[PDB]
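Step one of this worksheet: look at the structure below.
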Amino acid sequence: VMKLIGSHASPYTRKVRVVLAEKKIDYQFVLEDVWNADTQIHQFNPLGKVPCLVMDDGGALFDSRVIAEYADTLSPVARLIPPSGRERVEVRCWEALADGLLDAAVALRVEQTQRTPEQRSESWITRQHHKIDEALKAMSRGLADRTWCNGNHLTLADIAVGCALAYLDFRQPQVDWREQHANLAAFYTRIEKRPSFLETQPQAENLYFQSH
Amino acid sequence: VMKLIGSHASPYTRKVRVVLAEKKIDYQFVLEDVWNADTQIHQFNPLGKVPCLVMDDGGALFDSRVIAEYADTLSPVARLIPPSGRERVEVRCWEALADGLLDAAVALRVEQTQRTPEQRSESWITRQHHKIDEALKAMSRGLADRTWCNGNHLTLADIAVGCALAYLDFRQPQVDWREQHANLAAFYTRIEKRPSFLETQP
Ligand SMILES: N[C@@H](CCC(=O)N[C@@H](CS)C(=O)NCC(=O)O)C(=O)O
Ligand SMILES: N[C@@H](CCC(=O)N[C@@H](CS)C(=O)NCC(=O)O)C(=O)O
Numbered sequence: 002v003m004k005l006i007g008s009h010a011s012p013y014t015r016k017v018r019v020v021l022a023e024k025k026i027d028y029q030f031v032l033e034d035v036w037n038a039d040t041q042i043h044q045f046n047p048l049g050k051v052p053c054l055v056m057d058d059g060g061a062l063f064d065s066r067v068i069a070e071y072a073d074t075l076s077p078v079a080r081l082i083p084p085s086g087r088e089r090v091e092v093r094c095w096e097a098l099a100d101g102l103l104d105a106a107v108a109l110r111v112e113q114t115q116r117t118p119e120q121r122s123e124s125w126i127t128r129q130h131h132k133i134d135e136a137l138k139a140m141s142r143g144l145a146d147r148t149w150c151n152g153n154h155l156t157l158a159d160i161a162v163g164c165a166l167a168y169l170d171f172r173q174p175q176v177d178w179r180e181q182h183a184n185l186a187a188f189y190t191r192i193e194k195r196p197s198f199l200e201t202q203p204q205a206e207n208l209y210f211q212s213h
Numbered sequence: 002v003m004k005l006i007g008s009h010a011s012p013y014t015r016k017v018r019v020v021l022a023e024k025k026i027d028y029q030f031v032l033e034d035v036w037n038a039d040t041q042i043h044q045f046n047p048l049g050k051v052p053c054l055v056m057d058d059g060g061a062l063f064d065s066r067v068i069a070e071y072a073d074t075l076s077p078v079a080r081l082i083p084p085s086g087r088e089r090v091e092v093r094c095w096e097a098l099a100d101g102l103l104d105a106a107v108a109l110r111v112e113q114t115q116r117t118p119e120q121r122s123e124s125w126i127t128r129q130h131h132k133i134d135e136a137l138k139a140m141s142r143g144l145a146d147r148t149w150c151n152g153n154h155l156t157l158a159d160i161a162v163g164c165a166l167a168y169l170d171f172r173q174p175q176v177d178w179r180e181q182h183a184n185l186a187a188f189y190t191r192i193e194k195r196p197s198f199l200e201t202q203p
């Protein structure tokens, strides 16, 4: 059984976990804190980042885009990445847009946890918030009046966007993306109820589902 | 004619330019300084980053991985990304490894240019250097005694690795990766002679 190294908070890890659930691929979720000085992540991912997927023979796969792509090939349940042409490139670009929103939001989390108050840069903070604001505008423009980001069914584009919006709710709740973008609010209401999203909420890090 | 927005220094841009040269795809290179406060990059890329490809219809594509993949489908010259199977995943992972080395090296550049001396973190700098060191080790182990990263022909894996090693020469010239990794030194001596690399130096 493959092992996915990650954390409950990590939105790149969540993207992979959602893909694995949609694809009905069995895996073992292995919790790791990459920010701990005693982390073992570099024994598996040379970049020291999560998610990292480890196979039965010890082979390791990264990053989240590579893992998600690989996972779509492992099962016939759903087709999360179109095989070719225009729809595929669109789905890949949507994933990059969502991942870039995540890159900016995660940069903000790093500015909080990895810098002392005296080291923090207001210009860097502004820059990342500008990226989030503009990424949200593009997501709203791209989705328009449609049910899904691309074509007529859930793809990796929707999964990625869903994880990004959820990550804003979790770490950046002051960004009122729902008020700014009605179509994203509606989109998220539709995607958040999927079992794959319900089972992978970052808020599950607080151990709530271990209570009797 | 498609426009590629980027800079000469940007290694993610260079990866795309080498791909476009290898695919013999015609394009116009448009220079932009994304770090400048008055940059216009957000008109085309919501993420405010380069590279960004603007097609004839006005459609914008990003990031470098997406652009490289799209470019491979546009032209029948070379086969940079395998169609399926183990070979494709291997090539995608090689690109991620090289892009991750870039991410760390670019973070080190950003630490110096976007932060004042009082804002810089030595623990963060150490962390990014550790990633570069470990990425180089993984690239050396992955390549072993082979000529190409994957299969027996030029792929996006070779291109991405070449761009990463060259970016270390450019911005981290004190990192003596050749001494530590003879196979990467030999690899780079081969790849830097390709016209695609010769014409895209930072
Ligand atoms: N490009 C990566 C990004 C992964 C990433 O930055 N993950 C964070 C945790 S959410 C991390 O492991 N950072 C640790 C570090 O950079 O040292 C992906 O898409 O998987
Ligand atoms: N994931 C992107 C990274 C691109 C990137 O971060 N490029 C740098 C220039 S080398 C940039 O535009 N940084 C500007 C910013 O983050 O504001 C890719 O692979 O193309």
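Chains A and B, in that order, give the protein sequences. Numbered as in the authors' numbering, the first sequence ends at 213 without a single skipped number. Numbered as in the authors' numbering, the second sequence ends at 203 without a single skipped number. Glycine included, C-beta positions come from ideal geometry on N, C-alpha and C.
heavy atom of ligand 1 below 7 Å from residue i C-beta
i: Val107 of chain A; result: yes
i: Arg93 of chain B; result: no
i: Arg128 of chain B; result: yes
i: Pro203 of chain B; result: no
i: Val2 of chain A; result: no
i: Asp27 of chain A; result: no
i: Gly101 of chain A; result: no
i: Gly49 of chain A; result: yes
C-alpha distance - residue i paired with residue j, whole-angstrom precision
i: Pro84 of chain A; j: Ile160 of chain A; result: 17 Å
i: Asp34 of chain A; j: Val17 of chain B; result: 34 Å
i: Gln173 of chain B; j: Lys138 of chain A; result: 36 Å
i: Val162 of chain B; j: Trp95 of chain B; result: 8 Å
i: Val31 of chain A; j: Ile26 of chain B; result: 44 Å
i: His182 of chain A; j: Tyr189 of chain A; result: 11 Å
i: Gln115 of chain B; j: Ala106 of chain B; result: 14 Å
i: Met140 of chain B; j: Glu112 of chain A; result: 30 Å
i: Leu5 of chain A; j: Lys24 of chain A; result: 15 Å
i: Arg80 of chain A; j: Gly152 of chain A; result: 12 Å
i: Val55 of chain A; j: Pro118 of chain A; result: 37 Å
i: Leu62 of chain A; j: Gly49 of chain A; result: 12 Å
i: residue 1 of chain B; j: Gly7 of chain B; result: Since the displayed chain B opens at 2 and closes at 203, residue 1 of chain B lies outside it and no answer follows.
i: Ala136 of chain B; j: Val20 of chain A; result: 26 Å
i: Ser11 of chain A; j: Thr156 of chain A; result: 20 Å
i: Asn184 of chain B; j: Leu169 of chain A; result: 44 Å
i: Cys150 of chain B; j: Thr127 of chain A; result: 40 Å
i: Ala165 of chain A; j: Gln120 of chain B; result: 28 Å
Exposure label - residue i; buried when at least 16 CB within 10 Å
i: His154 of chain A; result: exposed
i: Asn207 of chain A; result: exposed
i: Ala158 of chain B; result: buried
i: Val78 of chain B; result: exposed
i: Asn46 of chain B; result: buried
i: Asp64 of chain A; result: buried
i: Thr148 of chain B; result: exposed
i: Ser124 of chain B; result: exposed
i: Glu70 of chain A; result: buried
i: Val92 of chain A; result: buried
i: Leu75 of chain B; result: exposed
Closer than 7 Å: residue i CB and nearest ligand 2 heavy atom
i: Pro52 of chain B; result: yes
i: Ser11 of chain B; result: yes
i: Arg66 of chain A; result: no
i: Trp36 of chain B; result: yes
Continuous alpha helix (DSSP H) stretch holding residue i: start and end
i: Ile126 of chain A; result: 123–144
i: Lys4 of chain A; result: Careful: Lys4 of chain A lies outside any alpha helix (DSSP H), inside the beta strand (DSSP E) at 4–7.
i: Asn184 of chain A; result: 183–193
i: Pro12 of chain B; result: 12–23
Span of the beta strand (DSSP E), counted from its first residue to its last, around residue i
i: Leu32 of chain B; result: 29–32
i: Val78 of chain B; result: First-last for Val78 of chain B: undefined, no H or E at that position.
i: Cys53 of chain A; result: 53–55
Checklist entry - Are the region 95–104 of chain A and the region 124–136 of chain A in contact at 8 Å, needing three or more beta carbon pairs? => result yes
Checklist entry - Does the region 188–201 of chain A come within contact of the region 10–24 of chain A, defined as at least 3 CB pairs closer than 8 Å? => result yes
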